[PDB]
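Enquirer: For reference, the structure I am asking about is given below.
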Ligand SMILES: *[C@H](O)[C@H](C[C@@H]1CCNC1=O)NC(=O)[C@H](CC(C)C)NC(=O)OCc1ccccc1
Ligand SMILES: *[C@H](O)[C@H](C[C@@H]1CCNC1=O)NC(=O)[C@H](CC(C)C)NC(=O)OCc1ccccc1
């Protein structure tokens, strides 16, 4: 009953967060086994950040320049390396709280939980989606870099995001745990902008299925459509085109509800063409697109 | 940068969640020190739940009828007591993960984080507000009862909610950790309904201040108003009346932004009278009222 934007429990990740200070810059790192991962711009001063030469800046940093603190306890740095846009600080102690973990690069449309942190201390947790233009709409302040995004499949934490920067539009950009940015962005303070923020059609349809499951059906109409006809209207509205794989992925939701995917497409089309007329769906006056089909099934079936 | 509905990190609470089974009914309990707290309707069968006599049902339950499991490990129940609508199961082992904690009863308008659980295992976390009609809009399925709501002030967890039931409108009702329901509700499956779900005016104003902080200012107009004139319009819209204490509580937000509270009231009034005209504020097409003034300052200042 009810449907909410919901994050994974953050306990396994809280125990991996540390503070990393180099010079005057402080941010967060992720401590797994005997390695701390953090954004490489920790080495930049306020000035450096506009056109850094990271390799050159890194020549003048030695192991003892990276101050790593876990709680009130200092860790000893015994090595360091740059992998793309992240640093790997080898420490002399394996994190006793290291969970079963993996590093994954997610695709646009997929969702993950962000544990926002400051000074190595968890601040709060919320759910995000990797948007088609490879930005996320999170909540980050100065010092939040190194905060990570993750999913949990039972016992295993899959890290997929590390925060690096905010863009002129207020949306956020970052890397996977190998240091490769999502999107065309780079970790420097130059002119760079996001790109068209299109809507995750399949996710909206999943969310419409969630509403029906929870008894909110006012938007179901008597019509159906075709995939080709739907996309012609959807893309007038900057919706990602819907494919047969998307249809397949909504299959189980379609069967649980007895509503053909294309029938639901017909309902979405009229919502786009006519609006909500001041009504709401699952408490929203907008079509919500940051729930995947997996997300909906999860929350409507009690998976733990 | 950015503004999101955000929950406290759930780690300290994850370690307190256990599974409680009596007869055929399974739900969650909260294990603090040597006591497990859980809803008393764990003792009801499917039939009992329509007009239970809990005292009478409790006569036939002994310590060994309450199966308490922490992970894959069974706890030994050595005593039991009913306090209002919750049971206190004394166990022979103090929870080694017990945090510094307190039990508090919150007021309508205040917010807290819910850790949704099933079979004693955390499922996900999300932020809620205690609404003026003493319901919450969460995400709960069968077996979720005993999940708890909490705030964290640095090191101390303040438990304020335990889930018990869903209402015909799909909203949720529960108790504080002393077993007293919020609102007039009772833990039986009889005809009972919520009451008018009015809007937390002060919280909407806080959220409007959050938008301005994050550069979303399109809704600021050239007008001001009075508290009396504003409330005359606000209560046509089922908004809780705004008081001088509310004004005081928005003081720091008013000073950080240079916008008098009554000027912002004038902006809210025109948004109520004229709508959003299809625009959004912080990504919402609705006036959001589940952020307190404290919530906004927290998230816009990096408190950990
Ligand atoms: C790292 O913690 C930080 C996160 C930004 C700061 C405010 N909100 C965020 O999400 N990243 C940077 O400061 C970043 C550093 C370069 C090496 C990319 N630069 C950046 O995002 O610049 C834009 C900006 C900075 C400060 C305030 C507002 C916008
Ligand atoms: C306890 O886990 C459970 C939570 C309900 C079930 C579905 N979603 C919820 O939030 N509470 C009950 O089942 C409760 C038991 C009585 C002792 C109050 N009764 C209840 O909420 O009845 C309404 C209902 C039950 C089952 C499905 C849909 C509505």
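Every residue number used here counts from 1 along the chain in the order it is shown.
Using the three backbone atoms N, Cα and C, a Cβ is placed for every residue, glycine included.
Okay, these came from Swiss-Prot:
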- A:5: ubiquitin cross-link (CROSSLNK)
- A:41: active site, for 3CL-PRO activity (ACT_SITE)
- A:90: ubiquitin cross-link (CROSSLNK)
- A:145: active site, nucleophile (ACT_SITE)
Enquirer: In whole Å, how far does the CA atom of the residue listed as 'active site, nucleophile' lie from that of residue A:41 (active site, for 3CL-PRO activity)?
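Expert: Their Cα atoms are separated by 9 Å.
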Enquirer: Among the recorded positions A:5, A:90, A:145, which ones place their CB within a distance below 8 Å of a chain B CB?
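Expert: The answer, in sequence order, is A:5.
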Enquirer: At the level of the C-alpha atoms, what whole-angstrom distance separates residue A:41 (active site, for 3CL-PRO activity) and residue A:90 (ubiquitin cross-link)?
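Expert: Spelling it out, the Cα of residue A:41 (active site, for 3CL-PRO activity) and the Cα of residue A:90 (ubiquitin cross-link) are 17 Å apart.
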Enquirer: For the recorded positions A:5, A:41, A:90, work out the Cβ neighbour count at 10 Å and name the residue with the minimum.
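Expert: Counting other Cβ atoms within 10 Å of each of the recorded positions A:5, A:41, A:90, the minimum falls on A:90.
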Enquirer: Could you say whether, by DSSP, residue A:90 (ubiquitin cross-link) belongs to a helix, a strand or a coil region?
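Expert: Its secondary structure by DSSP: strand.
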Enquirer: How many whole Å apart are the CA atoms of residue A:90 (ubiquitin cross-link) and residue A:5 (ubiquitin cross-link)?
Expert: 36
Enquirer: CB neighbours of the residue listed as 'active site, nucleophile' within 10 A?
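Expert: A count of 26.
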Enquirer: Please check each of the recorded positions A:5, A:41, A:90, A:145 and report the ones with a CB atom less than 6 Å from an atom of ligand 1, ordered along the sequence.
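Expert: Checking each Cβ against ligand 1, the ones under 6 Å are A:41, A:145.
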